[PDB]
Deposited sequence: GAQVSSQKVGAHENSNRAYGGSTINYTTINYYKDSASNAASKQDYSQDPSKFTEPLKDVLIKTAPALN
C-alpha cells in the first residue's frame, strides 16, 4: 500500500515520481508530507465588515 507522488524538478539532466510507505500504526510516526497549500490573508489584511474595492474611496 505505497503512495507515489510527483517531484518538483529544479535542475534537469541532459515527471519524476517518488515512493512513500508508512510502517507504524500511530500517525505521530509518519513523516511530514509537505504538500500543504496557502490561503487568503484577507482575514488579517482586510478584516473589515463592509469590504470595499481598492479603487473606490476608503471612506
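- Unmodelled regions (deposited sequence positions with no C-alpha coordinates, counted from 1) are 15 to 22, 68.
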